[PDB]
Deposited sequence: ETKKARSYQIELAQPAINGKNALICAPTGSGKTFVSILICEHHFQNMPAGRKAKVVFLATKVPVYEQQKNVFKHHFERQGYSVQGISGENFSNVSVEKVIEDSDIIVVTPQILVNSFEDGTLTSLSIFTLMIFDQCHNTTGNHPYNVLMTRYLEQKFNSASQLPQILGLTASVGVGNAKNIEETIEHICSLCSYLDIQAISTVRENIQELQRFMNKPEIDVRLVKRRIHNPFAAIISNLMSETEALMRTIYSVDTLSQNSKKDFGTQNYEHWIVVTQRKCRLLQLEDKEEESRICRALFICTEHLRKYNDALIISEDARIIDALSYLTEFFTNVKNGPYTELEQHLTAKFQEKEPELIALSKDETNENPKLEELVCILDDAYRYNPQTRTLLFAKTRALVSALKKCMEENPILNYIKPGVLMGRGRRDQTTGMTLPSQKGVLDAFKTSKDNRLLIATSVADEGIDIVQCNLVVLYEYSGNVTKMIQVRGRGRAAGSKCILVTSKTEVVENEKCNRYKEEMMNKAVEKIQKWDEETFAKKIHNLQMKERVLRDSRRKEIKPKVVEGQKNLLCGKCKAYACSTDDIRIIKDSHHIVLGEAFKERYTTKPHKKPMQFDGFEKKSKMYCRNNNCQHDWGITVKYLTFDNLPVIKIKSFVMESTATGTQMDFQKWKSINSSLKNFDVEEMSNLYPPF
């Protein structure tokens, strides 16, 4: 049965308009899309049949919505099917579309199907529903599809499906006022060819009875007064930078650092330095290799020190020390050249003091104590509480898991951990969430942004954001995880910037809502004209728009020529010939699974034992075993014409100049 705000929201789309539905998370936007579907099905003109596609950005959501529509519509005699990457391969997409009244998909499935010629026109659909439609932007699959929709609209020799978009936040982009916010929202509208924005105006009070927007609480807590740990590590980082200058004048390559150790700014300095160092070209190739490798290692070490600093700010000294000791264990197990031995020793020199510092309990993190106090208060007051605790990085989430494991809240509450996809698998993720839902003692969940939206999580009465800031849409989603009766959302930070950030988000949320009500004042003509002008602008922006050797990204040793490379299925870059087999060595893949028609066999590495750089994998494919598949990020390209060296993060530039795989060519190579 429908609520009145649900009926209200469905009205423009029921009248056949391309509609954008803005309504709060969990308010029942999906139920609204179902009401529109029902109406769609019944009001088809003579001789027409409906074909609905529901698009979802993620597999969990894909699965949830698939089963919603199955349950709602199969009992009414409708055929409801779904395609995701998990079955894309074993089904014909054309056939599924042919046999189905409603099809639910992840959007890339459709993109793949246009690109491979399976589909030619979007006229096969009468209604396209885009869950989380605010993702229609840039090179997102949603926007690839809507670009195709608009290209067809512009060669208007066909009828196009109705568009429906579901979101809880249209966003504001870079808007600083109502006017620029209005521009941003209209842009989104133009990308989706919207004709009406549908919000709750008439039935606001009923909405407010079902939805309870948590009271936020923003707490600024004090940092450590002294951080001896960070003094030490910083000196090591200074030592390491000076050693780096000894090796090669990085002043002639990159700039000198501002020694702002343990900052994002430093993090990005090291990253820029790395790319410059690896693009070093010398006459003497032996020296190029020697220098580049030693700078590779130095920058790697500098990054880990920086990481350890940042970890120590948000967590315990021991968590930061653990991170480094695990790293150095790996150093000791790798090539472990003389330079790596030197660095490990300089560290082990200082390690006794660090172990000492990490054991002092007056050397404890104020911000982490405050976190623990917050949790203790909640579970003391209400032991039924279920908490969702968010933090930015995997390293921080791991640290917080260890904390809450070794120091359980009120000495009984146990944490679960949720990270993205060692990551976690979707089965693992689901396992964790089920425990978090049902368990008596597992009432705390620690998560990265994996938990912001989409995947189904039991409602929480406490949401804690631990130095976890972001944009207005993130804020809106994250609060939607806290809708249990008398829920709180608490932002814990030691940074005024983050407090101001959250102050801005409040402004923008209210700016956004005001911007929408102004747009809703306009008549259809005014709106339609505006959206059209932007589609025309977008269109005019689109109007405007040799042989190389690959070198080990680390030791600069010759790998292969671009002439030896073949592309399989536009994605996978294999290397032909016996010569290349001399250049690498393999180890069994630790996860030897199958995907895209390929079976993973091995990891590939630079054969240079002093390097051992990861180059990719080997696979079984068709009638071929142990095909090497290289990844672009492991290599530096060098032009055979100019001699000059290039870095590339994506194949996209190069692919134009590479031959495609030919099973007949391959067959002759034996």
Relative to the deposited sequence numbered from 1, which residue ranges are unmodelled?
-> 1-3, 425-430, 555-564, 690-692
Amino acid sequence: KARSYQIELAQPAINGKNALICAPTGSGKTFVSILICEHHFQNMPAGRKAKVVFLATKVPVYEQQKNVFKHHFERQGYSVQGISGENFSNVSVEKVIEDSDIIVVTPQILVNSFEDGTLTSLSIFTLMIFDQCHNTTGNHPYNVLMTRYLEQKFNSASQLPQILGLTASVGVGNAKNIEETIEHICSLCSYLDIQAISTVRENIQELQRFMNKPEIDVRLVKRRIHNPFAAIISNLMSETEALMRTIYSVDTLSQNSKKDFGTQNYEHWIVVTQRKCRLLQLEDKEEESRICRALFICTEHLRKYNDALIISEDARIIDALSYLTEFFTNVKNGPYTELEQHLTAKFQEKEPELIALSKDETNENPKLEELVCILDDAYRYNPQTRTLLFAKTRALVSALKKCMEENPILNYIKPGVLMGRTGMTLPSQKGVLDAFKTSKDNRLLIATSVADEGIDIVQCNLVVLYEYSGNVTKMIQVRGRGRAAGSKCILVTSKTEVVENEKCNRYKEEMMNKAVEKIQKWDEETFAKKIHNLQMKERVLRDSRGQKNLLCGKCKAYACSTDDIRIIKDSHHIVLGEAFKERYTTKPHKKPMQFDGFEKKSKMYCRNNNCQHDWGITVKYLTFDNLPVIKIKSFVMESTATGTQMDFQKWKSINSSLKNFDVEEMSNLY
From here on, numbers count along this sequence of modelled residues.
Once you work out the mean C-alpha B-factor for both 19-27 and 654-662 from the entry, which is higher?
-> 654-662
Which wins on mean Cα temperature factor, 83-91 or 522-530?
-> 83-91
Please pick out which of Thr473, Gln274, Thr337, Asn330 has the largest Cα B-factor as recorded in the entry.
-> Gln274
For the listed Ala391, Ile490, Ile355, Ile565, which has the peak Cα B-factor recorded in the PDB entry?
-> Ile355
For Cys37, return the chain-relative third of its C-alpha B-factor as stated in the PDB record: lowest, middle or highest.
-> middle
Looking at the entry's B-factor column for C-alpha atoms only, identify whether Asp625 ranks in the lowest, middle or highest third of its chain.
-> highest
Within-chain third of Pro214 by Cα B-factor, per the entry | highest
Check where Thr642 lands among this chain's C-alpha B-factors and tell me if it's the lowest, middle or highest third.
-> highest
What third of its chain, lowest, middle or highest, does the C-alpha temperature factor of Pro427 fall into?
-> highest
